[PDB]
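Have a look at the structure below, then the notes.
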Amino acid sequence: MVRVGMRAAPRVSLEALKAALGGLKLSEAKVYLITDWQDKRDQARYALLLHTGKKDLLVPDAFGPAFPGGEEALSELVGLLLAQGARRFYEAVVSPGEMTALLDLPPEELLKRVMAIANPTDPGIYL
């Protein structure tokens, strides 16, 4: 599993994701948005675990209203994945104090953990 982007860096991480993704089609992919339990969606941050079915990619918590330019970057990120054909989105919620620890878990463990707690989500909520 590859890891691109950096924590709290919306624009740089979106560009790194675009570079790794290229023109890859994602019709059969599963997109997991990993967020922290906060009071409102306006203070939320998001990490990305993109499971294509043939390879996985992880971007740390760099998106969302928690960061300046993050709300726009989250909308553009969801847009980019939809543009490439992605259809299945999910959300996994973790405690604020455990997000980093979660993202550092071995590839196999992270994927298992995320799929275990994620719920299907409507991508429109992130726009």
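By convention in this document, the chains of the structure tokens carry letters A, B, ... by their order, each chain's residues are numbered from 1, and ligands are numbered from 1 in the order they are shown.
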
(request) Identify all residues of range 11-125 of chain A in helix (DSSP H, G or I) (DSSP on the backbone) and supply them as JSON, numbers by chain. (result) {"A": [11, 12, 13, 14, 15, 16, 17, 18, 19, 20, 21, 70, 71, 72, 73, 74, 75, 76, 77, 78, 79, 80, 81, 82, 83, 96, 97, 98, 99, 100, 101, 102, 103, 107, 108, 109, 110, 111, 112, 113, 114, 115, 116, 117, 123, 124, 125]}

With C-alpha atoms kept, could you save the residues just selected as a PDB file, in the first residue's frame?
ATOM      1  CA  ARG A  11      -3.717  21.269  -1.579  1.00  0.00           C
ATOM      2  CA  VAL A  12      -0.414  19.389  -1.604  1.00  0.00           C
ATOM      3  CA  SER A  13      -2.141  16.103  -0.774  1.00  0.00           C
ATOM      4  CA  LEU A  14      -4.782  16.548  -3.463  1.00  0.00           C
ATOM      5  CA  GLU A  15      -2.030  17.119  -6.024  1.00  0.00           C
ATOM      6  CA  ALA A  16      -0.109  14.058  -4.793  1.00  0.00           C
ATOM      7  CA  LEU A  17      -3.261  11.951  -5.059  1.00  0.00           C
ATOM      8  CA  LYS A  18      -3.887  13.189  -8.608  1.00  0.00           C
ATOM      9  CA  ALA A  19      -0.322  12.281  -9.569  1.00  0.00           C
ATOM     10  CA  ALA A  20      -0.543   8.753  -8.172  1.00  0.00           C
ATOM     11  CA  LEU A  21      -4.004   8.144  -9.624  1.00  0.00           C
ATOM     12  CA  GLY A  70      -9.672  21.786   3.279  1.00  0.00           C
ATOM     13  CA  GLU A  71     -13.419  21.942   2.648  1.00  0.00           C
ATOM     14  CA  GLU A  72     -12.781  22.846  -0.976  1.00  0.00           C
ATOM     15  CA  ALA A  73     -10.056  20.209  -1.275  1.00  0.00           C
ATOM     16  CA  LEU A  74     -12.427  17.543   0.074  1.00  0.00           C
ATOM     17  CA  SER A  75     -15.095  18.467  -2.472  1.00  0.00           C
ATOM     18  CA  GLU A  76     -12.513  18.446  -5.278  1.00  0.00           C
ATOM     19  CA  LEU A  77     -11.118  15.114  -4.080  1.00  0.00           C
ATOM     20  CA  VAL A  78     -14.535  13.471  -4.130  1.00  0.00           C
ATOM     21  CA  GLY A  79     -15.025  15.121  -7.509  1.00  0.00           C
ATOM     22  CA  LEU A  80     -11.748  13.701  -8.842  1.00  0.00           C
ATOM     23  CA  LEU A  81     -12.658  10.170  -7.748  1.00  0.00           C
ATOM     24  CA  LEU A  82     -16.162  10.458  -9.268  1.00  0.00           C
ATOM     25  CA  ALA A  83     -14.633  11.792 -12.491  1.00  0.00           C
ATOM     26  CA  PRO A  96      -9.442  12.186  17.559  1.00  0.00           C
ATOM     27  CA  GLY A  97      -6.641  10.837  19.721  1.00  0.00           C
ATOM     28  CA  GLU A  98      -6.322   7.600  17.738  1.00  0.00           C
ATOM     29  CA  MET A  99      -6.434   8.830  14.136  1.00  0.00           C
ATOM     30  CA  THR A 100      -2.662   8.983  13.699  1.00  0.00           C
ATOM     31  CA  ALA A 101      -2.144   5.603  15.373  1.00  0.00           C
ATOM     32  CA  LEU A 102      -4.764   4.107  13.059  1.00  0.00           C
ATOM     33  CA  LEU A 103      -3.100   5.481   9.934  1.00  0.00           C
ATOM     34  CA  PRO A 107      -1.404  -2.060   5.394  1.00  0.00           C
ATOM     35  CA  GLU A 108      -3.328  -5.293   5.984  1.00  0.00           C
ATOM     36  CA  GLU A 109      -4.457  -4.297   9.484  1.00  0.00           C
ATOM     37  CA  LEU A 110      -5.526  -0.805   8.427  1.00  0.00           C
ATOM     38  CA  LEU A 111      -7.673  -2.137   5.602  1.00  0.00           C
ATOM     39  CA  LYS A 112      -9.290  -4.752   7.845  1.00  0.00           C
ATOM     40  CA  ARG A 113      -9.926  -2.203  10.598  1.00  0.00           C
ATOM     41  CA  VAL A 114     -11.440   0.359   8.238  1.00  0.00           C
ATOM     42  CA  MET A 115     -13.686  -2.070   6.380  1.00  0.00           C
ATOM     43  CA  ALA A 116     -14.887  -3.473   9.688  1.00  0.00           C
ATOM     44  CA  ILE A 117     -16.181  -0.153  11.022  1.00  0.00           C
ATOM     45  CA  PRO A 123     -20.598  11.131  -1.487  1.00  0.00           C
ATOM     46  CA  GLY A 124     -22.809  14.206  -1.685  1.00  0.00           C
ATOM     47  CA  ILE A 125     -22.411  14.829   2.040  1.00  0.00           C
TER      48      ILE A 125
END

(message) I'd like to know which residues of chain A are strand (DSSP E) (by DSSP, run on the backbone); could you write them as a PyMOL selection string?
(response) chain A and resi 2-3+30-36+46-51+56-63+88-94+119-120

Now that the selection is made, can you save its residues with C-alpha atoms as a PDB file, in the first residue's frame?
ATOM      1  CA  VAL A   2       1.361   3.380  -1.063  1.00  0.00           C
ATOM      2  CA  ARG A   3       1.043   6.534   1.042  1.00  0.00           C
ATOM      3  CA  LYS A  30     -14.216   1.329  -2.733  1.00  0.00           C
ATOM      4  CA  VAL A  31     -13.407   4.771  -1.363  1.00  0.00           C
ATOM      5  CA  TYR A  32     -13.020   5.019   2.412  1.00  0.00           C
ATOM      6  CA  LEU A  33     -13.105   8.404   4.057  1.00  0.00           C
ATOM      7  CA  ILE A  34     -11.683   8.157   7.587  1.00  0.00           C
ATOM      8  CA  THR A  35     -12.860  10.901   9.914  1.00  0.00           C
ATOM      9  CA  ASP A  36     -12.636  11.849  13.574  1.00  0.00           C
ATOM     10  CA  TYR A  46     -10.575  13.290   6.672  1.00  0.00           C
ATOM     11  CA  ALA A  47      -7.969  10.780   5.578  1.00  0.00           C
ATOM     12  CA  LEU A  48      -8.450   8.650   2.447  1.00  0.00           C
ATOM     13  CA  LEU A  49      -8.024   4.922   1.920  1.00  0.00           C
ATOM     14  CA  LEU A  50      -8.597   4.132  -1.759  1.00  0.00           C
ATOM     15  CA  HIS A  51      -9.152   0.415  -2.393  1.00  0.00           C
ATOM     16  CA  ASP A  56      -4.527   0.431  -2.352  1.00  0.00           C
ATOM     17  CA  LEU A  57      -3.454   3.983  -1.591  1.00  0.00           C
ATOM     18  CA  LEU A  58      -3.567   5.994   1.616  1.00  0.00           C
ATOM     19  CA  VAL A  59      -3.608   9.755   2.136  1.00  0.00           C
ATOM     20  CA  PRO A  60      -3.416  10.986   5.749  1.00  0.00           C
ATOM     21  CA  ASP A  61      -5.823  13.388   7.460  1.00  0.00           C
ATOM     22  CA  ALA A  62      -5.368  16.314   5.080  1.00  0.00           C
ATOM     23  CA  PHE A  63      -8.907  17.128   4.002  1.00  0.00           C
ATOM     24  CA  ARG A  88     -18.875   3.224  -3.816  1.00  0.00           C
ATOM     25  CA  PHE A  89     -18.050   5.495  -0.860  1.00  0.00           C
ATOM     26  CA  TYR A  90     -17.802   4.642   2.834  1.00  0.00           C
ATOM     27  CA  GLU A  91     -16.995   6.440   6.050  1.00  0.00           C
ATOM     28  CA  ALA A  92     -15.125   5.162   9.098  1.00  0.00           C
ATOM     29  CA  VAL A  93     -15.231   7.165  12.339  1.00  0.00           C
ATOM     30  CA  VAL A  94     -12.391   7.049  14.870  1.00  0.00           C
ATOM     31  CA  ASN A 119     -20.653   2.423   6.737  1.00  0.00           C
ATOM     32  CA  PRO A 120     -21.713   3.113   3.148  1.00  0.00           C
TER      33      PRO A 120
END

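Among the candidates A:7, A:118, A:67, A:1, the one nearest to residue 105 in chain A when counting only C-alpha atoms is A:1.
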
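Put simply, CA of residue 41 in chain A is 21.9 Å away from CA of residue 5 in chain A.
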
(request) Give me the residues within 7 Å of range 24-27 of chain A as a ChimeraX atom specification, counting only C-alpha atoms and dropping any in the same chain fewer than 2 places off. (result) /A:21-22,29,52,84-87

Selection to disk with N, CA, C and O atoms, as a PDB file, in the first residue's frame:
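Output below, filename part11.pdb:
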ATOM      1  N   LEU A  21      -2.835   8.715  -8.966  1.00  0.00           N
ATOM      2  CA  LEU A  21      -4.004   8.144  -9.624  1.00  0.00           C
ATOM      3  C   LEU A  21      -3.933   8.153 -11.150  1.00  0.00           C
ATOM      4  O   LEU A  21      -4.292   7.162 -11.805  1.00  0.00           O
ATOM      5  N   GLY A  22      -3.477   9.264 -11.711  1.00  0.00           N
ATOM      6  CA  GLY A  22      -3.390   9.370 -13.159  1.00  0.00           C
ATOM      7  C   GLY A  22      -4.753   9.156 -13.787  1.00  0.00           C
ATOM      8  O   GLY A  22      -5.757   9.661 -13.281  1.00  0.00           O
ATOM      9  N   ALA A  29     -13.806   0.408  -7.543  1.00  0.00           N
ATOM     10  CA  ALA A  29     -13.120   0.774  -6.313  1.00  0.00           C
ATOM     11  C   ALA A  29     -14.068   1.034  -5.153  1.00  0.00           C
ATOM     12  O   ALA A  29     -15.276   1.201  -5.335  1.00  0.00           O
ATOM     13  N   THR A  52      -8.771  -0.028  -4.769  1.00  0.00           N
ATOM     14  CA  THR A  52      -9.218  -0.216  -6.147  1.00  0.00           C
ATOM     15  C   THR A  52      -9.621  -1.648  -6.455  1.00  0.00           C
ATOM     16  O   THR A  52     -10.418  -1.890  -7.361  1.00  0.00           O
ATOM     17  N   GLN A  84     -13.256   9.811 -12.250  1.00  0.00           N
ATOM     18  CA  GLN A  84     -12.545   8.612 -12.683  1.00  0.00           C
ATOM     19  C   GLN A  84     -13.436   7.375 -12.638  1.00  0.00           C
ATOM     20  O   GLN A  84     -12.962   6.270 -12.883  1.00  0.00           O
ATOM     21  N   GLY A  85     -14.711   7.552 -12.293  1.00  0.00           N
ATOM     22  CA  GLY A  85     -15.635   6.429 -12.261  1.00  0.00           C
ATOM     23  C   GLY A  85     -15.977   5.797 -10.922  1.00  0.00           C
ATOM     24  O   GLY A  85     -16.704   4.798 -10.874  1.00  0.00           O
ATOM     25  N   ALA A  86     -15.480   6.357  -9.823  1.00  0.00           N
ATOM     26  CA  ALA A  86     -15.788   5.773  -8.520  1.00  0.00           C
ATOM     27  C   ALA A  86     -17.266   5.923  -8.188  1.00  0.00           C
ATOM     28  O   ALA A  86     -17.882   6.949  -8.489  1.00  0.00           O
ATOM     29  N   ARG A  87     -17.825   4.898  -7.558  1.00  0.00           N
ATOM     30  CA  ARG A  87     -19.237   4.907  -7.205  1.00  0.00           C
ATOM     31  C   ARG A  87     -19.500   4.534  -5.755  1.00  0.00           C
ATOM     32  O   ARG A  87     -20.442   5.034  -5.151  1.00  0.00           O
TER      33      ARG A  87
END
